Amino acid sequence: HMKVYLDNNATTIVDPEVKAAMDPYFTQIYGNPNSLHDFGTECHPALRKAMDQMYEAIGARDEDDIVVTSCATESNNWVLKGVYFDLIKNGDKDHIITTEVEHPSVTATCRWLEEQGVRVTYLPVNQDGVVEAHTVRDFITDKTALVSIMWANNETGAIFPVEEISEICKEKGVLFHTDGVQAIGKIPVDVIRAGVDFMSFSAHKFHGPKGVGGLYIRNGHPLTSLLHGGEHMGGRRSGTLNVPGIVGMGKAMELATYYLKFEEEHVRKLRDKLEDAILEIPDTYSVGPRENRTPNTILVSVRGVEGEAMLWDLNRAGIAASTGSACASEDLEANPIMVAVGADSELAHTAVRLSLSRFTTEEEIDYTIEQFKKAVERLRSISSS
């Protein structure tokens, strides 16, 4: 029996180097950076270094803005409610396009905007678990204010064609925001190559601390503040800076790009080992194409067994995983398949989500394979099918 964490898409471990980078900024260095005295200014070089690491990690340019928020939920709320305020309540627009598979910080915010009279189209997802750019083009009207599509999905790990969608959005002169939380540390992130106007990210998903996130804004494009007040973050987001959070986020982002550039294949190899071994069990289906999937994610549907029961049995075995909604469909020459679906859909059964990190070991994968096969056999012996 060994404890094994494979829920990294939900949250990640803080790299000991990140915690070490953060440590001084609680008790040794505690001044407010907005103070003029030496106590406040002592942390300023660390803040500049952190912001530089962030800009370098996502490929933003000097004209661009990167506002430090409390979480990606704040960033998504900010983008949606601010563009609603700027272009919809005091503009000539009334439409926002998104997908059925967004994070609740996008979906519920869009539903509240719907409650305010905003027309929103929640774009359904294709067989590949993705939304394609031509459907976006077809749904853009002359009143669409913003298109908000996640960069990569948190349940399936499917990567969205963010560059093509950006090209379509620029042709129609409409703003483009992406929830890039699942992208940082897992796929190359270049926000001018992706052409996004806004990007949300969260540090505790690439091994930074919880409680700090960010919103990237191309060229400092106007966006009414969600938090008003002092002139923090260039007057775009008030509230005292989470100095430890900022330092740790910068360090974690730098480390994430470093391990993406060298250790991409170690994590990808372990995911592929786990997925191939699990698919050796009869009547198991991995959701989404791997050649378009983040290197760390598997979403498996097991037949007869229920995803939550599989999670409970794994947790009793010391293995932490999560859920993901999937639906049943047919292919074109290998008919039975499981495809991504909105959690609200009535067609949805629950599949098991296993998400690795650069800290996963091959021993964890061997134990996980063995215990997965044991749990499948055990729960199918007790299954109603």
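Residue positions are given as counts along the sequence shown, with the first one as 1.
Tell whether, across the other compared PDB entries, at least a third have no coordinates for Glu333. Other entries vs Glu333: at least a third skip it.
341 to 349 versus 50 to 58: which one carries the higher mean Cα B factor per the record? So the stretch with the higher mean C-alpha B-factor is 341 to 349.
Do the CA atoms of 262 to 270 or those of 221 to 229 have the higher mean B-factor in the entry? Comparing 262 to 270 with 221 to 229, the higher average CA B-factor belongs to 262 to 270.
Whose CA atom has the top B-factor in the entry, of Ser166, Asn315, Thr240, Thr178? By C-alpha B-factor in the record, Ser166 ranks first.
Highest recorded Cα temperature factor - choice among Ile246, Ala72, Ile140, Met199: That would be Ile140, according to the entry.
Chain-wide C-alpha B factor ranking for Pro295, given as lowest, middle or highest third: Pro295: CA B-factor falls in the middle third of its chain.
Determine, from the deposited record, the chain-internal third of the Cα B-factor for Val118: lowest, middle or highest. According to the entry, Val118 has a C-alpha B-factor in the chain's highest third.
Split into thirds by Cα B-factor across the chain's modelled residues, where does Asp64 land: lowest, middle or highest? CA B-factor rank for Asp64: middle third.
Relative C-alpha B-factor of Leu87, binned into the chain's lowest, middle or highest third: For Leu87, whose C-alpha B-factor we compare with every modelled residue in the chain, the answer is the highest third.
Going by the recorded CA B-factors, say which third of the chain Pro188 sits in, lowest, middle or highest. Middle third by C-alpha B-factor.
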